[PDB]
Amino acid sequence: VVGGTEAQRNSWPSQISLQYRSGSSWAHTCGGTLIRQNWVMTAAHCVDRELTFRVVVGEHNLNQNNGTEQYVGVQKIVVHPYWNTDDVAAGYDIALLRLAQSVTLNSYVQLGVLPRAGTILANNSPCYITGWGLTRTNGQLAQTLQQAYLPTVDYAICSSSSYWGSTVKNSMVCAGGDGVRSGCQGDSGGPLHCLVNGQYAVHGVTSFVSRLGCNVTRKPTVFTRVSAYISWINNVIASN
Ligand SMILES: *[C@](=O)([C]([N]C(=O)[C]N1C(=O)C([N]S([C])(=O)=O)=[C]N=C1C1=[C][C]=C([N])[C]=[C]1)[C]([C])[C])C(F)(F)F
Ligand code: NA
């Protein structure tokens, strides 16, 4: 997260750290959202490889042990069938991970609230991106969870020529683009939390930013619109 501030340790309890094993160690690669005690929602481009993954819930400081973490292995990975490996621009950037064990909910670990199917937000709706991604283009990962205020940019403006044009589809949500704050490498797959009816709901899965830079003016961070996928999500969970 670029242009962000450190989050309180109990502000966003649904946020998870998706890690893969490098050698004998583990490295953070993407964010994710706890949606069931044994299911995690993230981006398809994060689990697109035959890597060994694990999820860390109740995490705040990537390097230090906070005394609140739960490390769980990933039993199965369901990528959306229409996801095309290269194409982040084509859409369908979403996947679900069945955890090998059900995690314990407490004040540092809670389930994310999903929106009602088809829900579209008004322009400039108040949302926050969270993550341990790069704090600067070509910089390094944050050690502690960062958050940044990223209001939405509705489809009409986002798909216009001065913004993302045809690259952005209706199954995506745009947020930010002020040239100061944005998502950045390592935030991928994590949540876009939006205040709706006095309640914070996860409306997006972090997908992409400008190849030319993370905080580029008029190049908002783009997310997979969760509300466009409520039926798929429920079908996967119900079926396996
Ligand atoms: C995420 O943390 C990271 N996501 C990406 O970098 C996704 N991404 C892009 O933003 C582009 N930029 S674009 C649309 O070409 O202007 C291109 N490719 C990717 C991408 C595709 C596939 C894979 N496996 C990885 C990256 C944040 C910027 C949100 C990630 F990817 F690093 F984990
Ligand atoms: Na930690």
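Residues numbered from 1 in each chain as written, not as in the entry; some residues may be left out. Chains lettered and ligands numbered in written order. Heavy atoms only, no water.

The record lists X-ray crystallography as the method behind this PDB entry and 2.0 Å as its resolution.

J.: Would you explain the packing of aromatic side chains in this entry?
T.: The relation between two aromatic rings is expressed through the spacing of the ring centres and the mutual angle of the planes. Tallying each qualifying case throughout the model produces 6 aromatic pairs. Between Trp12 and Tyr200, the ring centres sit 5.4 Å apart and the planes meet at 90 degrees, which makes this aromatic pair edge-to-face. Taken as a pair, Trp12 in the loop between β1 (5–6) and β2 (15–22) and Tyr200 in strand β13 (residues 199–208) lie far apart in primary sequence, 188 residues in all. Following the ring pairs from residue to residue traces out a cluster consisting of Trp12, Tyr128, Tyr149 and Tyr200. Of note, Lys219 hangs over the ring of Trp164, and the distance from its end group to the ring centre comes to 5.8 Å. (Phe/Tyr/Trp six-rings, centres within 6.5 Å; stacked < 30°, edge-to-face > 60°. Helix = DSSP H or I, 4+ residues; strand = E, 2+ residues; numbered from the N terminus. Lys NZ or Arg CZ within 6 Å of the ring centre and 35° of its normal.)

J.: How should the UniProt feature "active site" in the protein be read in this particular structure?
T.: Residues given the UniProt feature "active site" here are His45, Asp93 and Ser188. Spanning 144 residues, the named residues nonetheless gather at one spot, since no C-alpha pair among them exceeds 10.1 Å. With respect to the element layout, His45 can be found in the loop between β4 (39–42) and β5 (53–57). Discounting residues that sit within four places of it in the chain, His45 has contacts with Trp83, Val88, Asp93, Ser188, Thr206 and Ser207. Here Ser188 lies in the loop between β11 (172–175) and β12 (191–196). For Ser188, the residues in contact, after removing those within four places along its chain, are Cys30, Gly31, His45, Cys46, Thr206 and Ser207. (UniProt positions renumbered as here; feature names shortened; annotations may be inferred. Contact = heavy atoms within 4.5 Å.)

J.: Help me understand the sheet that holds β1 in this model?
T.: Strand order across the open sheet formed by 8 strands is β1-β9-β8-β12-β13-β14-β11-β10, with antiparallel pairing between neighbours. Each having just a single partner strand, β1 and β10 (152–153) make up the two edges of the open sheet. In terms of strand pairing, β10 meets β11 through 2 bridges, oriented antiparallel. Paired with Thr152 across the two strands is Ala175, which belongs to β11. (Pairing = 2+ DSSP bridges.)

J.: Sorry, what's going on with the state of the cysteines here?
T.: Joining two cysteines, a disulfide is a covalent bond between their sulfur atoms. Counted by the stated rule, this structure contains 4 disulfides. For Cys158, the disulfide goes to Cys174, at an S-S distance of 2.0 Å. One quick way to see it: the torsion about the S-S bond of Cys158 and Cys174 is about -85 degrees, and its sign makes the bridge left-handed. Of this pair, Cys158 sits in helix α1 (residues 155–158) while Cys174 sits in strand β11; the two residues are 16 residues apart in sequence, bridging distant segments of the chain. We classify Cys158 as buried; its relative accessible area is 0%. Take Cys174: its relative accessible area is 2%, and that puts it in the buried class. Between the sulfur of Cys184 and that of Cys214 lies a disulfide, 2.0 Å long from S to S. Measuring the twist about the S-S bond at about 80 degrees, one finds the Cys184-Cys214 disulfide to be right-handed. Taken together, the residues span a long stretch of sequence, with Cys184 in the loop between β11 and β12 and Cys214 in the loop between β13 and β14 (221–225) at a distance of 30 residues. (Disulfide = S-S within 2.5 Å. Buried < 20%, exposed > 50% of the residue type's maximum accessible area, 1.4 Å probe, protein only.)

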